[PDB]
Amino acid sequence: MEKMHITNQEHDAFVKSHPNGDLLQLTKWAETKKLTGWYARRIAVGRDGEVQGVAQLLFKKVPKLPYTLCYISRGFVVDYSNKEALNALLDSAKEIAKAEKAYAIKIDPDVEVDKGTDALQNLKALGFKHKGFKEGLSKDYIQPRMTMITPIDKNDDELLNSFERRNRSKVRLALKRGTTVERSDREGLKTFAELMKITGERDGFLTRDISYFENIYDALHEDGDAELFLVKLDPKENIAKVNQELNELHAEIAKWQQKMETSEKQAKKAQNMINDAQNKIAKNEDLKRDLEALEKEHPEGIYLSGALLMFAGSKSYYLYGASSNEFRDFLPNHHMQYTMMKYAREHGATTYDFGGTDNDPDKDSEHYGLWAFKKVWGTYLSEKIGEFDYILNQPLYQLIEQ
């Protein structure tokens, strides 16, 4: 068929609407990789003025050696059953990659094994070598080969119903206990980085600094493809809520007092309900005091958790999350997750991807916590076909790919 020149926006549109599109094939994602030494090139193929496949190629020089790697991260973006388009994309990639002294062309498209028979067959026939069906988070390939995904093309009740039972209960508590979820801005990243520092120290992880998050956010946020969410506990707002509850409780008492005075038969019940409401009033007043104490410490509230949410068309991604060691009983992360899923659905996404996992690892393994966390959120395990290399220089490939 034919090689085509399409604009950045045209490429991104095609990626966003293709079933095999992905965040890692967007032009603004390539912008984020400049900081770590990657440079980009694009290819497109089609017929009769209609694009049938695209790919964004990232190149990076191999330390100490006169070669590059060509990495098509989550490409090619093509129907892997379209042999003509697939071959044409390989033809174009080989031209560019040889000119860049690449030792191989590495691809890792988001195609589930379930649906990957054609892909495996057709890639094999074209000369690609497979890295194998190893653990979901094997160090033998760059991306996770398994992820955990929540279907979000659901109403609020259906979405909540999809979570595991204990977690549903925690989400309902989170919605009630008194935090708010904010869609933040670039200035919010300073709060986020602080939370991430705390999270790194609590878990065992090395944490990246604010500049690292700014690099991702600034490329994609303009297009609505990156958003930052922050969860706040605001004492003033909650004090207002308590004042309203106190007014409502006094009005309940008024109503039962009026039944007591007019209805002999209901008097014992009325006094009972009055006693209950009086107890609630006393407790609410105690809470008001505690919230006032908090307000003195944190006049404009305190942020408890935060996360970055990315998009590529109908795919949304929970990329990074962080939370502090304080006020954990408000369940801020649970409030955050459900809010972000709803936001993602409203933006046009139908899946919400929590990222990588092993498939049901044992408790002693380094990745167990990821499985324990992600499995309760109405997720299914997405097992991908994996990583494939079209090798251009055999001796170099053997040396490097260790």
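The first residue of the sequence shown is number 1, and the count goes up from there.
If you average the CA temperature factors as listed in the entry, which stretch comes out higher, 359 to 367 or 39 to 47? Higher mean C-alpha B-factor in the PDB entry: 359 to 367.
Quick one: higher average CA temperature factor, 333 to 341 or 60 to 68? The recorded data point to 60 to 68.
Can you pull the Cα B-factors for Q278, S169, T150, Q271 from the entry and say which is highest? It is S169.
Among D110, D225, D234, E285, where is the Cα B factor highest in this entry? Highest C-alpha B-factor among the listed residues goes to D234.
Compared with the other modelled residues in the chain, in which third is the CA B-factor of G132? According to the entry, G132 has a C-alpha B-factor in the chain's middle third.
Quick one: classify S316 as lowest, middle or highest third of the chain based on its Cα B-factor. As the PDB entry reports it, the C-alpha B-factor of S316 lands in the lowest third of its chain.
With respect to C-alpha B-factor, does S81 fall in the lowest, middle or highest third of the chain as deposited? According to the entry, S81 has a C-alpha B-factor in the chain's highest third.
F229 - Cα temperature factor, lowest/middle/highest third of chain: Within its chain, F229 is a lowest-third residue by C-alpha B-factor, going by the deposited values.
Ranked by Cα temperature factor within the chain, is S305 in the lowest third, the middle third or the highest third? For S305, whose C-alpha B-factor we compare with every modelled residue in the chain, the answer is the middle third.
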